[PDB]
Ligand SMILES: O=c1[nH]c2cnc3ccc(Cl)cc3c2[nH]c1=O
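Heads up, the chain below is alone and in the form deposited without this ligand; it's given as structure tokens.
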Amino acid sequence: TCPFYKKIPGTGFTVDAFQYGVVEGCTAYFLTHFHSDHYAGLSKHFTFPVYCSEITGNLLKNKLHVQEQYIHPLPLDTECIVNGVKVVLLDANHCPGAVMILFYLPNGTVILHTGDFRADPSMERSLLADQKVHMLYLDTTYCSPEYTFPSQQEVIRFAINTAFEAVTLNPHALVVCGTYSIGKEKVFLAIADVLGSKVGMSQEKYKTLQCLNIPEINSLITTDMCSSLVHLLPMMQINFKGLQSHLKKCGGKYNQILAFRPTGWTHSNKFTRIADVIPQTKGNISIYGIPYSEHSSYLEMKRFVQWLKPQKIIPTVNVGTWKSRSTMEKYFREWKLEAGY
């Protein structure tokens, strides 16, 4: 059944709750972003109002074929009334179109649901600065102090410099980047840009990218693989076997592959720096795992929450085990005692 952490009290609203069939008493289904564990269950046969960003609405229409009459896009940073309740959508700094949602309950309670987010000090100067938030529905993906990672900017710098050096030394080297969802487009776009290439990809992925309102996108991407020296492939194909295979397909246009696997966290984060990362190499193929995260580090999360000073925290991630639940509750209490709310 629909879990309690997907329900917004005092409304008939649910968040990211599309795989339980009809939810008893739900008059509006919000969708924070277009990632499959969150939209799971949506299709052309859905007949309830879906509230979301413009970009998430483009994906629902073009990729899922949800009918236009059930899609209700809202602008960001704008007070809107939905079924008699004031709401605001804020940028979540996750993937394209991802939002946080502020609900202003008739009784005076204010609730923030983060969806998936990477907390950033810039959020401290959005519309959140303007009033008190009583309850926080929090993305707790990396809520443990072992989870450190570099800035997105540091990681892109590394990838750009790595690719540029490699292709400048060998003009017959191919760059490949893995993907399995929207998110992390900066990785392959930044690399393509330094190399004066467009990025080449399948027709399904090009379609997905054309929904995201990226400026000048027609200048940056293409379905013509042969004309491009940065290819995107399914993350599943980013290994020696799938890469050797792929190399054959280009017909001796390239003799070397340099590939990037943008992971979340991996245990080498607890020892190694970004300047000190190394690839796995078999022959003329090298694979780099780069820690490009679209979720809060532990420190970023802790700073956001100690700034917000919520009265109650409801986790939305890692809630399935008693051990995780108890560990998270311990950090929340530490934060509160250190900060004095």
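Throughout, we count residues from 1 along the sequence that is shown.
FYI, the form solved in complex with this ligand isn't displayed, but the following is about it.
Enquirer: If we define contact as a non-hydrogen atom of the residue within 4.5 angstroms of the partner, is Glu68 a contact of this ligand in the deposited complex?
Expert: Answer no; every heavy atom of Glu68 is more than 4.5 Å from this ligand in the deposited complex.
Enquirer: So in the deposited complex, is this ligand close enough to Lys198 to count as touching (4.5 Å, heavy atoms)?
Expert: Judged by the heavy-atom cut-off of 4.5 Å, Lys198 is well away from this ligand in the deposited complex.
Enquirer: Is there a heavy atom of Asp37 lying 4.5 Å or less from a heavy atom of this ligand in the deposited complex?
Expert: Close contact exists here: in the deposited complex, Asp37 approaches this ligand to within 4.5 Å, heavy atoms only.
Enquirer: State yes or no: in the deposited complex, is some non-hydrogen atom of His94 no more than 4.5 angstroms from a non-hydrogen atom of this ligand?
Expert: Close contact exists here: in the deposited complex, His94 approaches this ligand to within 4.5 Å, heavy atoms only.
Enquirer: Going by this ligand in the deposited complex, which residues of 272-305 come within 4.5 Å of it through any heavy atom?
Expert: Counting only heavy atoms within 4.5 Å of this ligand in the deposited complex, the single contacting residue of 272-305 is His295.
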